[PDB]
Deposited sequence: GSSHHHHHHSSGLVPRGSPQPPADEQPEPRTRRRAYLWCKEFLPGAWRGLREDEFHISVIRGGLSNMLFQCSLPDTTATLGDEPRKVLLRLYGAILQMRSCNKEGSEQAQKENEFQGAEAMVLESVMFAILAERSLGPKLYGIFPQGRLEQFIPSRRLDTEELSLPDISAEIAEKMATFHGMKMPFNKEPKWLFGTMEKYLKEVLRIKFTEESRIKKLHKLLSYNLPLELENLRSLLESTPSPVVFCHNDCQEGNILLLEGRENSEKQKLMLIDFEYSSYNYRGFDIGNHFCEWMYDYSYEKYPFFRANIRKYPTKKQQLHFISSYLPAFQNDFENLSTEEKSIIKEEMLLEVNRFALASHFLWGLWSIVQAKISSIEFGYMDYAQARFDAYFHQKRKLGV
């Protein structure tokens, strides 16, 4: 509390996450946030200091999982993502984040020792999949799958999408993407595929494991096409003026791209969750979530026949 009061008094000019403006308790992240603020893509930045930062509080609510599939919501998310992907940022453009992070987590996963027997058993099951071998299978598949490198959000889930208070009747301008902690140059396919995976997961469930997974909620081809139909003219300048045939070809190839990279969403966040089970103090069914993601990984492989 103490430290928080003085930040407001000194940084703000009548003058964890708290509403006082908003307070968050890092060079690249700070620079990024500052740039996005300047560009009016993200919340304004009021204060930057070691113990946190003072960010604009935007009247809003986060989306619910089920809202991701509303046509107008989906269309706008696609547009916002396309816009994000268009950002120049002073960061390394060589894609490293995706597979570097997977390796990082995998290294950690392979040396984790749990004490609780339930967790020990759950880990046994997961390790049975031969994760190092599987990662190489994934690397092979994705290396064969062209995807342009863009500035990705990397965590486009409903909790990171604000529905702006008073803009609810706006068809195309009622959302803002937030929470850029994972944002980096990455394969475009990951961002979109990750988003599509998020249709399935609801993190607001009030009973253990504190999420729901619904495999039946992955977007249908029609839904996927609706999304990318919005993304593509927003991202690709010349897209709108292509022939119908040209457009179909691009779309179809993009569906293959995004659905393959979705595999990386499951793999990365599955490994992540195992690590969190060990180190996190937050109450959440991390091992159960890991299992859900790996279940989805193999299911998607079966779907794609890969």
Pop the missing stretches of the deposited sequence into a list, counting residues from 1 and keeping sequence order. 1-31, 45, 48-66, 72-86, 92-120
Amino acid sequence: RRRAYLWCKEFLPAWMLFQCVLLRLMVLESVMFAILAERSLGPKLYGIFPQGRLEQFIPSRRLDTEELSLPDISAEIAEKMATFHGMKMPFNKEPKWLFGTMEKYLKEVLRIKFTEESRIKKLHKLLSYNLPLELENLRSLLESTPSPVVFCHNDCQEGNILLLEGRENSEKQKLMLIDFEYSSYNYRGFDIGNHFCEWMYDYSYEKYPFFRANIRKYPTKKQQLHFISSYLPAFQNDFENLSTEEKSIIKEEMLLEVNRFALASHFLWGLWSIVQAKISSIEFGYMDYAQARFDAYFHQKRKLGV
From here on, numbers count along this sequence of modelled residues.
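Whichever C-alpha set is largest while still superposing within 1.5 Å between the two forms counts as the rigid core.
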Between 158-166 and 232-240, pick out the one whose C-alpha positions differ more from the shown form in 8 other deposited structures of this protein, using the rigid core for superposition. 232-240
Top-deviation stretch by C-alpha RMS in 8 other deposited structures of this protein (rigid core reference), from 113-121, 187-195, is 113-121
Selected stretch [higher average CA B-factor]: 156-164 or 192-200: 156-164
Going by the average Cα B-factor in the PDB entry, point out whether 296-304 or 3-11 comes out higher. 3-11
Taking the Cα B-factors listed in the entry, which of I249, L63, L256, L36 comes out highest? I249
Among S265, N241, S30, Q276, which carries the highest Cα B-factor? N241
Chain-relative C-alpha B factor for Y289 (record values, thirds): the lowest
State the tercile, meaning the lowest, middle or highest third, of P43 with respect to the CA B-factors recorded for its chain. middle
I73: C-alpha B-factor third of its chain, per the entry, is the middle
Place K122 in the lowest, middle or highest third of its chain's C-alpha B-factors, as listed in the PDB entry. middle
In terms of the chain's CA B-factor thirds, is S184 lowest, middle or highest? lowest
